[PDB]
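> File follows, my_file-v9.pdb with PDB, N, CA, C and O atoms:
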MODEL        1
ATOM      1  N   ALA W   1       0.827  -1.203   0.000
ATOM      2  CA  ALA W   1       0.000   0.000   0.000
ATOM      3  C   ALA W   1       0.874   1.271   0.000
ATOM      4  O   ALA W   1       0.410   2.358   0.393
ATOM      5  N   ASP W   2       2.106   1.163  -0.488
ATOM      6  CA  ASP W   2       3.027   2.301  -0.495
ATOM      7  C   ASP W   2       2.769   3.090  -1.750
ATOM      8  O   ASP W   2       3.185   2.684  -2.824
ATOM      9  N   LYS W   3       2.056   4.187  -1.583
ATOM     10  CA  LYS W   3       1.500   5.014  -2.667
ATOM     11  C   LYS W   3       2.477   5.398  -3.783
ATOM     12  O   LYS W   3       3.679   5.520  -3.577
ATOM     13  N   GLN W   4       1.922   5.600  -4.959
ATOM     14  CA  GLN W   4       2.684   5.971  -6.128
ATOM     15  C   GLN W   4       2.823   7.501  -6.138
ATOM     16  O   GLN W   4       2.206   8.179  -5.302
ATOM     17  N   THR W   5       3.586   8.049  -7.049
ATOM     18  CA  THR W   5       3.737   9.476  -7.089
ATOM     19  C   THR W   5       2.616  10.095  -7.936
ATOM     20  O   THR W   5       1.828   9.368  -8.580
ATOM     21  N   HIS W   6       2.556  11.412  -7.970
ATOM     22  CA  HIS W   6       1.529  12.113  -8.723
ATOM     23  C   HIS W   6       1.821  12.010 -10.232
ATOM     24  O   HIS W   6       0.912  12.073 -11.065
ATOM     25  N   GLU W   7       3.085  11.780 -10.564
ATOM     26  CA  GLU W   7       3.545  11.697 -11.966
ATOM     27  C   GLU W   7       3.236  10.322 -12.548
ATOM     28  O   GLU W   7       3.651   9.995 -13.665
ATOM     29  N   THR W   8       2.536   9.530 -11.763
ATOM     30  CA  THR W   8       2.120   8.182 -12.105
ATOM     31  C   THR W   8       3.318   7.206 -12.051
ATOM     32  O   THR W   8       3.256   6.072 -12.518
ATOM     33  N   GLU W   9       4.383   7.645 -11.427
ATOM     34  CA  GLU W   9       5.523   6.804 -11.211
ATOM     35  C   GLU W   9       5.245   5.999  -9.983
ATOM     36  O   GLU W   9       5.007   6.543  -8.902
ATOM     37  N   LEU W  10       5.227   4.731 -10.135
ATOM     38  CA  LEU W  10       4.789   3.905  -9.081
ATOM     39  C   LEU W  10       5.958   3.315  -8.361
ATOM     40  O   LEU W  10       7.110   3.457  -8.788
ATOM     41  N   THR W  11       5.675   2.679  -7.281
ATOM     42  CA  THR W  11       6.674   2.017  -6.526
ATOM     43  C   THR W  11       6.597   0.547  -6.837
ATOM     44  O   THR W  11       5.697   0.122  -7.568
ATOM     45  N   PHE W  12       7.510  -0.223  -6.291
ATOM     46  CA  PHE W  12       7.515  -1.651  -6.497
ATOM     47  C   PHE W  12       6.213  -2.249  -5.999
ATOM     48  O   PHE W  12       5.593  -3.106  -6.618
ATOM     49  N   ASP W  13       5.792  -1.667  -4.910
ATOM     50  CA  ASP W  13       4.541  -1.979  -4.285
ATOM     51  C   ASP W  13       3.375  -1.625  -5.142
ATOM     52  O   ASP W  13       2.449  -2.411  -5.292
ATOM     53  N   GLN W  14       3.461  -0.490  -5.784
ATOM     54  CA  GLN W  14       2.360  -0.009  -6.568
ATOM     55  C   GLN W  14       2.252  -0.774  -7.833
ATOM     56  O   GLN W  14       1.167  -0.999  -8.352
ATOM     57  N   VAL W  15       3.389  -1.162  -8.343
ATOM     58  CA  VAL W  15       3.438  -1.892  -9.556
ATOM     59  C   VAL W  15       2.908  -3.262  -9.275
ATOM     60  O   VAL W  15       2.159  -3.832 -10.068
ATOM     61  N   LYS W  16       3.269  -3.782  -8.140
ATOM     62  CA  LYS W  16       2.714  -5.001  -7.672
ATOM     63  C   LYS W  16       1.217  -4.882  -7.614
ATOM     64  O   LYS W  16       0.534  -5.704  -8.167
ATOM     65  N   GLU W  17       0.719  -3.826  -7.011
ATOM     66  CA  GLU W  17      -0.705  -3.618  -6.957
ATOM     67  C   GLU W  17      -1.351  -3.449  -8.348
ATOM     68  O   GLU W  17      -2.514  -3.838  -8.521
ATOM     69  N   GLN W  18      -0.597  -2.918  -9.363
ATOM     70  CA  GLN W  18      -1.181  -2.716 -10.686
ATOM     71  C   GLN W  18      -1.400  -4.048 -11.317
ATOM     72  O   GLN W  18      -2.505  -4.405 -11.712
ATOM     73  N   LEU W  19      -0.345  -4.793 -11.325
ATOM     74  CA  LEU W  19      -0.275  -6.071 -11.916
ATOM     75  C   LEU W  19      -1.189  -7.049 -11.222
ATOM     76  O   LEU W  19      -1.806  -7.895 -11.864
ATOM     77  N   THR W  20      -1.306  -6.885  -9.925
ATOM     78  CA  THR W  20      -2.205  -7.673  -9.150
ATOM     79  C   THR W  20      -3.617  -7.487  -9.648
ATOM     80  O   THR W  20      -4.252  -8.450 -10.040
ATOM     81  N   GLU W  21      -4.035  -6.246  -9.765
ATOM     82  CA  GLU W  21      -5.400  -5.924 -10.136
ATOM     83  C   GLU W  21      -5.700  -6.423 -11.542
ATOM     84  O   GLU W  21      -6.750  -7.020 -11.800
ATOM     85  N   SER W  22      -4.743  -6.212 -12.417
ATOM     86  CA  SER W  22      -4.856  -6.628 -13.800
ATOM     87  C   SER W  22      -5.030  -8.147 -13.879
ATOM     88  O   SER W  22      -5.962  -8.647 -14.519
ATOM     89  N   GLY W  23      -4.178  -8.868 -13.164
ATOM     90  CA  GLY W  23      -4.235 -10.307 -13.135
ATOM     91  C   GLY W  23      -5.525 -10.811 -12.535
ATOM     92  O   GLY W  23      -6.055 -11.810 -12.963
ATOM     93  N   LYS W  24      -6.010 -10.095 -11.542
ATOM     94  CA  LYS W  24      -7.269 -10.424 -10.872
ATOM     95  C   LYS W  24      -8.468 -10.291 -11.808
ATOM     96  O   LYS W  24      -9.440 -11.037 -11.698
ATOM     97  N   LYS W  25      -8.401  -9.347 -12.727
ATOM     98  CA  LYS W  25      -9.455  -9.135 -13.704
ATOM     99  C   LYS W  25      -9.422 -10.202 -14.776
ATOM    100  O   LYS W  25     -10.456 -10.711 -15.215
ATOM    101  N   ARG W  26      -8.231 -10.530 -15.183
ATOM    102  CA  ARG W  26      -8.021 -11.441 -16.297
ATOM    103  C   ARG W  26      -8.095 -12.893 -15.879
ATOM    104  O   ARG W  26      -8.738 -13.722 -16.524
ATOM    105  N   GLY W  27      -7.411 -13.173 -14.790
ATOM    106  CA  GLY W  27      -7.256 -14.499 -14.287
ATOM    107  C   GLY W  27      -5.920 -15.028 -14.720
ATOM    108  O   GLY W  27      -5.600 -16.212 -14.534
ATOM    109  N   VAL W  28      -5.110 -14.132 -15.268
ATOM    110  CA  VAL W  28      -3.862 -14.506 -15.845
ATOM    111  C   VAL W  28      -2.978 -13.291 -16.055
ATOM    112  O   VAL W  28      -3.469 -12.158 -16.100
ATOM    113  N   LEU W  29      -1.693 -13.547 -16.122
ATOM    114  CA  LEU W  29      -0.674 -12.578 -16.432
ATOM    115  C   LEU W  29       0.505 -13.299 -17.057
ATOM    116  O   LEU W  29       0.899 -14.346 -16.567
ATOM    117  N   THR W  30       1.010 -12.796 -18.147
ATOM    118  CA  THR W  30       2.239 -13.312 -18.710
ATOM    119  C   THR W  30       3.438 -12.853 -17.853
ATOM    120  O   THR W  30       3.423 -11.746 -17.304
ATOM    121  N   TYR W  31       4.460 -13.690 -17.744
ATOM    122  CA  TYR W  31       5.646 -13.367 -16.932
ATOM    123  C   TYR W  31       6.330 -12.103 -17.381
ATOM    124  O   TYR W  31       6.752 -11.293 -16.553
ATOM    125  N   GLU W  32       6.408 -11.898 -18.671
ATOM    126  CA  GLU W  32       7.175 -10.793 -19.153
ATOM    127  C   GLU W  32       6.441  -9.455 -19.016
ATOM    128  O   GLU W  32       7.079  -8.420 -18.893
ATOM    129  N   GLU W  33       5.107  -9.467 -18.928
ATOM    130  CA  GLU W  33       4.397  -8.207 -18.731
ATOM    131  C   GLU W  33       4.543  -7.812 -17.268
ATOM    132  O   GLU W  33       4.483  -6.636 -16.900
ATOM    133  N   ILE W  34       4.763  -8.823 -16.443
ATOM    134  CA  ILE W  34       5.023  -8.641 -15.048
ATOM    135  C   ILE W  34       6.426  -8.087 -14.865
ATOM    136  O   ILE W  34       6.635  -7.119 -14.132
ATOM    137  N   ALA W  35       7.396  -8.649 -15.615
ATOM    138  CA  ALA W  35       8.794  -8.271 -15.567
ATOM    139  C   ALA W  35       8.998  -6.883 -16.127
ATOM    140  O   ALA W  35       9.882  -6.140 -15.697
ATOM    141  N   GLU W  36       8.139  -6.551 -17.073
ATOM    142  CA  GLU W  36       8.158  -5.324 -17.838
ATOM    143  C   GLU W  36       8.090  -4.132 -16.927
ATOM    144  O   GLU W  36       8.934  -3.249 -16.971
ATOM    145  N   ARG W  37       7.096  -4.133 -16.079
ATOM    146  CA  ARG W  37       6.847  -3.039 -15.174
ATOM    147  C   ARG W  37       7.889  -3.013 -14.055
ATOM    148  O   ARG W  37       8.235  -1.964 -13.531
ATOM    149  N   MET W  38       8.447  -4.175 -13.750
ATOM    150  CA  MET W  38       9.429  -4.292 -12.672
ATOM    151  C   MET W  38      10.808  -3.904 -13.152
ATOM    152  O   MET W  38      11.750  -3.849 -12.376
ATOM    153  N   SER W  39      10.907  -3.589 -14.427
ATOM    154  CA  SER W  39      12.152  -3.189 -15.047
ATOM    155  C   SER W  39      12.506  -1.754 -14.598
ATOM    156  O   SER W  39      13.621  -1.265 -14.798
ATOM    157  N   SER W  40      11.537  -1.087 -13.971
ATOM    158  CA  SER W  40      11.758   0.214 -13.401
ATOM    159  C   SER W  40      12.566   0.071 -12.105
ATOM    160  O   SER W  40      13.223   1.013 -11.636
ATOM    161  N   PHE W  41      12.498  -1.112 -11.541
ATOM    162  CA  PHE W  41      13.188  -1.459 -10.318
ATOM    163  C   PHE W  41      14.232  -2.503 -10.645
ATOM    164  O   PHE W  41      14.446  -2.822 -11.816
ATOM    165  N   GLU W  42      14.871  -3.029  -9.645
ATOM    166  CA  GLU W  42      15.817  -4.095  -9.839
ATOM    167  C   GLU W  42      15.291  -5.334  -9.153
ATOM    168  O   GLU W  42      15.548  -5.564  -7.969
ATOM    169  N   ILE W  43      14.495  -6.086  -9.860
ATOM    170  CA  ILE W  43      13.850  -7.233  -9.296
ATOM    171  C   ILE W  43      14.334  -8.495  -9.971
ATOM    172  O   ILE W  43      14.139  -8.695 -11.170
ATOM    173  N   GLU W  44      14.956  -9.317  -9.197
ATOM    174  CA  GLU W  44      15.450 -10.605  -9.630
ATOM    175  C   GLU W  44      14.326 -11.614  -9.722
ATOM    176  O   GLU W  44      13.233 -11.408  -9.166
ATOM    177  N   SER W  45      14.615 -12.702 -10.382
ATOM    178  CA  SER W  45      13.712 -13.804 -10.565
ATOM    179  C   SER W  45      13.258 -14.377  -9.212
ATOM    180  O   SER W  45      12.106 -14.758  -9.049
ATOM    181  N   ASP W  46      14.169 -14.380  -8.245
ATOM    182  CA  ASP W  46      13.888 -14.818  -6.868
ATOM    183  C   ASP W  46      12.774 -13.994  -6.258
ATOM    184  O   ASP W  46      11.850 -14.522  -5.640
ATOM    185  N   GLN W  47      12.860 -12.697  -6.450
ATOM    186  CA  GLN W  47      11.900 -11.762  -5.891
ATOM    187  C   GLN W  47      10.609 -11.868  -6.679
ATOM    188  O   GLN W  47       9.514 -11.799  -6.125
ATOM    189  N   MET W  48      10.759 -12.035  -7.991
ATOM    190  CA  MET W  48       9.631 -12.235  -8.882
ATOM    191  C   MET W  48       8.822 -13.461  -8.472
ATOM    192  O   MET W  48       7.614 -13.412  -8.466
ATOM    193  N   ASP W  49       9.522 -14.540  -8.123
ATOM    194  CA  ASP W  49       8.917 -15.819  -7.649
ATOM    195  C   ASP W  49       7.983 -15.567  -6.492
ATOM    196  O   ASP W  49       6.857 -16.062  -6.469
ATOM    197  N   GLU W  50       8.448 -14.760  -5.553
ATOM    198  CA  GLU W  50       7.659 -14.372  -4.397
ATOM    199  C   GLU W  50       6.376 -13.667  -4.842
ATOM    200  O   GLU W  50       5.302 -13.887  -4.282
ATOM    201  N   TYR W  51       6.496 -12.808  -5.843
ATOM    202  CA  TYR W  51       5.342 -12.129  -6.394
ATOM    203  C   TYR W  51       4.458 -13.119  -7.163
ATOM    204  O   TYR W  51       3.235 -13.020  -7.106
ATOM    205  N   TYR W  52       5.055 -14.063  -7.878
ATOM    206  CA  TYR W  52       4.305 -15.049  -8.653
ATOM    207  C   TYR W  52       3.457 -15.899  -7.749
ATOM    208  O   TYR W  52       2.292 -16.174  -8.036
ATOM    209  N   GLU W  53       4.042 -16.270  -6.620
ATOM    210  CA  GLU W  53       3.382 -17.040  -5.602
ATOM    211  C   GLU W  53       2.213 -16.238  -5.058
ATOM    212  O   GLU W  53       1.096 -16.750  -4.939
ATOM    213  N   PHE W  54       2.480 -14.963  -4.778
ATOM    214  CA  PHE W  54       1.487 -14.038  -4.306
ATOM    215  C   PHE W  54       0.300 -13.994  -5.266
ATOM    216  O   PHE W  54      -0.840 -14.220  -4.862
ATOM    217  N   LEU W  55       0.590 -13.731  -6.530
ATOM    218  CA  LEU W  55      -0.417 -13.645  -7.578
ATOM    219  C   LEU W  55      -1.237 -14.922  -7.689
ATOM    220  O   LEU W  55      -2.478 -14.883  -7.784
ATOM    221  N   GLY W  56      -0.518 -16.038  -7.660
ATOM    222  CA  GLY W  56      -1.144 -17.345  -7.719
ATOM    223  C   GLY W  56      -2.125 -17.531  -6.594
ATOM    224  O   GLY W  56      -3.240 -18.017  -6.810
ATOM    225  N   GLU W  57      -1.736 -17.105  -5.409
ATOM    226  CA  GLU W  57      -2.565 -17.203  -4.256
ATOM    227  C   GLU W  57      -3.795 -16.315  -4.304
ATOM    228  O   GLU W  57      -4.822 -16.635  -3.702
ATOM    229  N   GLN W  58      -3.698 -15.183  -5.002
ATOM    230  CA  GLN W  58      -4.814 -14.249  -5.096
ATOM    231  C   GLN W  58      -5.802 -14.750  -6.141
ATOM    232  O   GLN W  58      -7.003 -14.666  -5.953
ATOM    233  N   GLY W  59      -5.293 -15.187  -7.255
ATOM    234  CA  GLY W  59      -6.133 -15.793  -8.264
ATOM    235  C   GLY W  59      -5.693 -15.435  -9.653
ATOM    236  O   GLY W  59      -6.508 -15.078 -10.500
ATOM    237  N   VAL W  60      -4.402 -15.512  -9.885
ATOM    238  CA  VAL W  60      -3.833 -15.166 -11.164
ATOM    239  C   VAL W  60      -2.893 -16.268 -11.594
ATOM    240  O   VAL W  60      -1.993 -16.643 -10.845
ATOM    241  N   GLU W  61      -3.113 -16.797 -12.762
ATOM    242  CA  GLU W  61      -2.213 -17.771 -13.317
ATOM    243  C   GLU W  61      -1.172 -17.059 -14.132
ATOM    244  O   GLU W  61      -1.498 -16.161 -14.905
ATOM    245  N   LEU W  62       0.065 -17.384 -13.936
ATOM    246  CA  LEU W  62       1.088 -16.748 -14.692
ATOM    247  C   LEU W  62       1.486 -17.606 -15.883
ATOM    248  O   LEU W  62       2.084 -18.678 -15.714
ATOM    249  N   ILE W  63       1.119 -17.161 -17.068
ATOM    250  CA  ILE W  63       1.522 -17.833 -18.295
ATOM    251  C   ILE W  63       2.822 -17.232 -18.786
ATOM    252  O   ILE W  63       3.297 -16.248 -18.219
ATOM    253  N   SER W  64       3.391 -17.790 -19.820
ATOM    254  CA  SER W  64       4.651 -17.311 -20.306
ATOM    255  C   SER W  64       4.491 -15.970 -21.051
ATOM    256  O   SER W  64       4.683 -14.897 -20.470
ATOM    257  N   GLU W  65       4.110 -16.073 -22.299
ATOM    258  CA  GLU W  65       3.825 -14.961 -23.232
ATOM    259  C   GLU W  65       3.724 -15.568 -24.605
ATOM    260  O   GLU W  65       2.969 -15.123 -25.449
ATOM    261  N   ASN W  66       4.485 -16.645 -24.798
ATOM    262  CA  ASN W  66       4.463 -17.460 -26.035
ATOM    263  C   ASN W  66       3.120 -18.207 -26.153
ATOM    264  O   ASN W  66       2.824 -18.869 -27.137
ATOM    265  N   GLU W  67       2.317 -18.042 -25.148
ATOM    266  CA  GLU W  67       1.022 -18.601 -25.055
ATOM    267  C   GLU W  67       0.166 -17.538 -24.452
ATOM    268  O   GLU W  67       0.684 -16.720 -23.663
ATOM    269  N   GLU W  68      -1.072 -17.526 -24.848
ATOM    270  CA  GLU W  68      -2.117 -16.628 -24.334
ATOM    271  C   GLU W  68      -3.276 -16.616 -25.296
ATOM    272  O   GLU W  68      -3.090 -16.327 -26.479
ATOM    273  N   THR W  69      -4.435 -16.931 -24.806
ATOM    274  CA  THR W  69      -5.659 -16.859 -25.611
ATOM    275  C   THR W  69      -6.936 -17.075 -24.780
ATOM    276  O   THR W  69      -8.043 -16.758 -25.219
ATOM    277  N   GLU W  70      -6.765 -17.521 -23.570
ATOM    278  CA  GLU W  70      -7.866 -17.731 -22.624
ATOM    279  C   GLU W  70      -8.520 -16.398 -22.258
ATOM    280  O   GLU W  70      -9.695 -16.323 -21.882
ATOM    281  N   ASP W  71      -7.743 -15.359 -22.374
ATOM    282  CA  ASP W  71      -8.158 -14.035 -21.988
ATOM    283  C   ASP W  71      -8.276 -13.127 -23.207
ATOM    284  O   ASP W  71      -8.720 -11.976 -23.126
ATOM    285  N   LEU W  72      -7.982 -13.675 -24.356
ATOM    286  CA  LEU W  72      -7.979 -12.878 -25.567
ATOM    287  C   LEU W  72      -9.347 -12.754 -26.185
ATOM    288  O   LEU W  72      -9.669 -13.387 -27.186
ATOM    289  N   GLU W  73     -10.174 -12.015 -25.504
ATOM    290  CA  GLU W  73     -11.481 -11.650 -25.980
ATOM    291  C   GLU W  73     -11.624 -10.159 -25.813
ATOM    292  O   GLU W  73     -12.685  -9.585 -26.024
ATOM    293  N   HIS W  74     -10.537  -9.549 -25.421
ATOM    294  CA  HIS W  74     -10.478  -8.143 -25.169
ATOM    295  C   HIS W  74      -9.418  -7.536 -26.039
ATOM    296  O   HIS W  74      -8.343  -8.120 -26.209
ATOM    297  N   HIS W  75      -9.728  -6.413 -26.625
ATOM    298  CA  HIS W  75      -8.741  -5.644 -27.341
ATOM    299  C   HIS W  75      -7.969  -4.903 -26.270
ATOM    300  O   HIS W  75      -6.738  -4.908 -26.235
ATOM    301  N   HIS W  76      -8.756  -4.327 -25.373
ATOM    302  CA  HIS W  76      -8.352  -3.650 -24.171
ATOM    303  C   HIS W  76      -9.612  -2.972 -23.681
ATOM    304  O   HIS W  76      -9.808  -1.782 -23.966
TER
ENDMDL
END
Go ahead and render the structure in this file as structure tokens.


Amino acid sequence: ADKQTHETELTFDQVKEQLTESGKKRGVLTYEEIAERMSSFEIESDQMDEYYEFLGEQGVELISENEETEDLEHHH
């Protein structure tokens, strides 16, 4: 719950919360779209794993990116 800035620059926490919400809506998240936003920070795969576990527990399946179509009924 560590708030983002007014410039829409988010924190690791906020990005976590973004991705969380997105995954919660979809039921899925590709690993690299998750990594994408975390590229603003320095997040290793180890730390990512912790987030993946988190997401999984909330209700988000993490797919790769080379696959995706269960959620592809939305343009955006």

> Run DSSP on the backbone and give me the residues of chain W it puts in helix (DSSP H, G or I), as an MDAnalysis selection string.

chainID W and resid 12:26 31:40 45:58

> What residues in chain W get the DSSP label strand (DSSP E)? Please answer as a ChimeraX atom specification.

/W:28-30,61-63

> With all atoms listed in the file as the counted atoms, please give the residues lying no more than 7 Å from region 28-35 of chain W, apart from itself and same-chain residues fewer than 3 positions off, as a PyMOL selection string.

chain W and resi 15+19+22-25+38-41+43+59-65+67

> Please, what distance in Å, to one decimal, runs between CA of residue 8 (chain W) and atom O of residue 47 (chain W)?

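Separation of CA of residue 8 (chain W) and atom O of residue 47 (chain W): 22.1 Å.
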
> Which of these residues is nearest to residue 17 (chain W), using all atoms listed in the file: W:46, W:69, W:1, W:52?

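Closest to residue 17 (chain W), using all atoms listed in the file: W:1.
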
> Of the candidates W:50, W:12, W:56, W:20, which shows the shortest atom-to-atom distance to residue 37 (chain W), using all atoms listed in the file?

W:12

> I'd like the residues picked by the PyMOL selection byres (((chain W and resi 70 and name CA) around 9) and name CA) written out as a list in words, using the chain letters and numbers from the file.

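Going through the file, the PyMOL selection byres (((chain W and resi 70 and name CA) around 9) and name CA) ends up selecting residues 26, 27, 28, 68, 69, 71, 72 and 73 of chain W.
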
> If I wrap all listed atoms of region 29-47 of chain W in a box with edges along x, y and z and add 3 Å on each side, what are its centre and edge lengths in Å to one decimal, as AutoDock Vina command-line options?


--center_x 7.1 --center_y -6.9 --center_z -12.4 --size_x 23.5 --size_y 21.8 --size_z 19.5
